[PDB]
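Under PDB author numbering, residues -1 to 157, 164 to 398 are what the sequence shown spells out, in order.
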Amino acid sequence: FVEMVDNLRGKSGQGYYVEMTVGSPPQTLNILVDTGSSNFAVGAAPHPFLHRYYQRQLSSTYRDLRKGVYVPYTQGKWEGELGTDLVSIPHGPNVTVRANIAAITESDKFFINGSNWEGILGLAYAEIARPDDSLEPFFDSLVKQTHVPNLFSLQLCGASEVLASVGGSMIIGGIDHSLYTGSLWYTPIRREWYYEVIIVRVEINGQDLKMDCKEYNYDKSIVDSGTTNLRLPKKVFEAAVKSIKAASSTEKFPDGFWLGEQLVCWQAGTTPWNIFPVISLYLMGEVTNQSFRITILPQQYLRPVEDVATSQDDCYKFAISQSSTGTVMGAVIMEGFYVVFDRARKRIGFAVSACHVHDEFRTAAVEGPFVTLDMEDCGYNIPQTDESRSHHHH
Ligand SMILES: O=C(O[C@H]1CCSc2ccc(Br)cc21)[C@H]1C[C@]2(CN1)C(=O)Nc1ccccc12
Ligand SMILES: [Zn+2]
Ligand SMILES: [Zn+2]
């Protein structure tokens, strides 16, 4: 796995991407690593924000599936044409896979100026593949066509005219022990669609938010490398911000800061980290009534952004924000942690990342077990629509 270490790059807040080739001869593209979706789709026509794109007609190994695909997210949408081609990851396993590729022909609010990526690698399960769950996702094909074990793991690492470069590692087919310290702890995948998990408790500097735990997973809780923020359901967000405000209250920031839409600054080197609390999410353990906590620092959730104007200051954006589609454990959370996507055993592992950003007094932590007698059910059950209900799955 030494050859897959540091195989991710990107810009702070605009996605981690891995180099991939599609086609014969191979066409190199930079592809967003995204565990919140299940499609492999690449830019396939010119776009203001794209340096380059997939040219189907130039690949002798392309096959057109003669079928269209459309995916709107809450933010971002793309469509294109389905097909298959030969795909490899140069800084990945030494294999070539024939995979489904969606060749994006239109899009809105999908590509990001300056991000340097030209498509997306959805690494979540077939159930949220578009246009339906019969479109085999990339990782499924990789595992079916090769010897690669059904597991990958992500080490995302944190960090004046451009945003900060970031770096990471996607270890395809296992677990590199140099990327974490201490214990690896697993939380069960509730269901194989998103990487859906259950949060059973939240503390801010050790104070329990004391909400009904279903609130934390309303309407789900997912791990998503392709989301920058820790995003929280309305009610949890509001309680969380009220608590972080209270701890930090020696500093009186603008509304726009807490809305994640404005920077706040201190003289270089003088940021009063100590006034911002740590946040602990307790995740369901593998054993009934057990849980473990992951503890992130303000270093993770206060995101560095250099000011052109006050480039002499350390400035930060608030990278916790509100959600209407459940808790999203985004790059904020993930940057604390080496995260193991153990599809084979239907679980997700967390250990303290060997590259997480911390200080002299606090570290990001993964700690357990913690026990609960008569642990209620903290899962939410999403209302089933007639659309969803009507689909057959043969
Ligand atoms: O979480 C994700 O998609 C979810 C969002 C909830 S709506 C929905 C509906 C269907 C499917 Br399939 C997934 C999702 C992916 C896509 C992502 C970030 N990760 C995003 O949301 N916009 C965006 C924009 C650019 C890149 C990545 C992303
Ligand atoms: Zn049928
Ligand atoms: Zn099905």
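Note that CB positions come from ideal geometry on N, CA and C, so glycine has one too.
Legend entry - Every unbroken alpha helix (DSSP H) inside the region 299 to 355 [4 residues or more]: Taken in chain order, the complete alpha helix (DSSP H) segments of 4 or more residues contained in the region 299 to 355 are 302 to 305, 335 to 338.
Legend entry - Inter-residue CB distance, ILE176 and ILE87 (contact presumed, cutoff 8 Å): Within the sequence shown, the letter at position 172 stands for residue 176. Within the sequence shown, the letter at position 89 stands for residue 87. Taking 8 Å as the upper bound for CB-CB distance, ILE176 and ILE87 are in contact here, some 7 Å apart.
Legend entry - Exposure label - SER105; buried when at least 16 CB within 10 Å: Indexing the sequence shown from 1 puts residue 105 at position 107. The C-beta of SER105 has 16 or more other C-beta atoms within 10 Å across all chains shown, which makes the residue buried.
Legend entry - Backbone CA spacing between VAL146 and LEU84 [nearest angstrom]: For this step, residue 146 is matched to residue 148 along the sequence shown. For this step, residue 84 is matched to residue 86 along the sequence shown. Between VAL146 and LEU84, the C-alpha separation is close to 17 Å.
Legend entry - For ligand 3, residues whose Cβ lies under 7 Å from any non-hydrogen atom: That gives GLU125, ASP131, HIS397.
Legend entry - Spatial neighbours of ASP212 in its chain, beta-carbon cut-off 8 Å, leaving aside the 5 residues before and after: Within the sequence shown, numbered from 1, the residue matching residue 212 stands at position 208. Taking C-beta separations shorter than 8 Å and ignoring five residues to either side along the sequence, the partners of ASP212 in its chain run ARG205, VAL206, following chain order.
Legend entry - Beta-carbon proximity check, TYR123 vs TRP197, cutoff 8 Å: Along the sequence shown, read from residue 1 onward, the residue named residue 123 stands at position 125. Along the sequence shown, read from residue 1 onward, the residue named residue 197 stands at position 193. In this structure, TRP197 lies closer than 8 Å to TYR123 by Cβ.
Inset, instruction - Counting only the same chain and skipping the five closest in sequence on each side, list residues whose C-beta sits under 6 Å from that of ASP223. - result: Translated into the one-based positions of the sequence shown, residue 223 becomes position 219. Hits under 6 Å: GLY330, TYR384, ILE386.
Inset, instruction - Answer yes or no: the CB of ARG96 versus the heavy atoms of ligand 5, is any distance below 7 Å? - result: You won't find ligand 5 in this model; what it holds is ligand 1, ligand 2 and ligand 3.
Inset, instruction - Per DSSP, which residues does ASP212 bridge with? Please list them. - result: Against the sequence shown, residue 212 aligns to sequence position 208. According to DSSP, which records beta bridges pairwise, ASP212 is partnered with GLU207.
Inset, instruction - For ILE283, collect the residues of the same chain with a Cβ closer than 6 Å to its Cβ; drop the 5 residues on either side in sequence, then sort them by chain order. - result: Working through the sequence shown from its first residue, we reach residue 283 at position 279. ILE208, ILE300, listed in sequence order.
Legend entry - Same chain, Cβ closer than 6 Å to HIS360, five either side skipped, listed in chain order: If you number the sequence shown from 1, residue 360 lands on position 356. For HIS360, same chain residues with a beta-carbon under 6 Å away, outside a window of 5 residues either side, are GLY340, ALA368 in chain order.
Legend entry - Per DSSP, cross-strand counterpart(s) of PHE296: Your numbering for residue 296 matches position 292 in the sequence shown. DSSP lists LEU287 as the bridge partner or partners of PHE296.
Legend entry - Ranges of the beta strand (DSSP E) found wholly within the region 106 to 135, counting only runs of at least 3: Listed in chain order, the complete beta strand (DSSP E) runs (minimum 3 residues) inside the region 106 to 135 are 117 to 120.
Legend entry - Short Cβ contact (8 Å threshold) for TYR71 with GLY21: Numbered from its first residue, the sequence shown carries residue 71 at position 73. Numbered from its first residue, the sequence shown carries residue 21 at position 23. With respect to the 8 Å criterion, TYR71 and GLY21 are not classified as neighbours on the basis of their beta carbons.
Inset, instruction - Look up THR367 in the DSSP assignment and give the residues it is bridged to. - result: To locate residue 367, count along the sequence shown from 1; it is residue 363. In the DSSP output, where bridge partners are listed per residue, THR367 has none listed.
Inset, instruction - Within the region 72 to 96, note down every full beta strand (DSSP E) run reaching 3 residues or more, in order along the chain. - result: Listed in chain order, the complete beta strand (DSSP E) runs (minimum 3 residues) inside the region 72 to 96 are 75 to 86.
Legend entry - Closer than 7 Å: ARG64 CB and nearest ligand 1 heavy atom: If you number the sequence shown from 1, residue 64 lands on position 66. Placement of the Cβ of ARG64 at a distance of 7 Å or more from every heavy atom of ligand 1 is found.
Legend entry - Beta-carbon proximity list for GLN266, same chain, < 7 Å, skipping 5 on both sides: Position 262 of the sequence shown holds residue 266. Within the same chain, Cβ atoms closer than 7 Å to the Cβ of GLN266 are found at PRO258, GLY260, the five residues on either side in sequence being excluded.
Legend entry - Beta-carbon contacts of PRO129 that lie in its chain and below 7 Å, excluding the five residues immediately before and after: For the purposes of this step, residue 129 is identified with residue 131 of the sequence shown, where counting begins at 1. Counting only Cβ-Cβ distances below 7 Å, and skipping sequence neighbours, we find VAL67.
Inset, instruction - Output the boundary residues of the alpha helix (DSSP H) element that contains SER225. - result: As a working note, residue 225 is residue 221 in the sequence shown. According to the DSSP assignment, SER225 belongs to no alpha helix (DSSP H) but to the beta strand (DSSP E) extending over 225 to 227.
Inset, instruction - Spell out a yes or no on whether the region 241 to 255 and the region 186 to 200 are touching, meaning 3 or more CB-CB pairs, one atom from each, closer than 8 Å. - result: Not touching, per the Cβ criterion.
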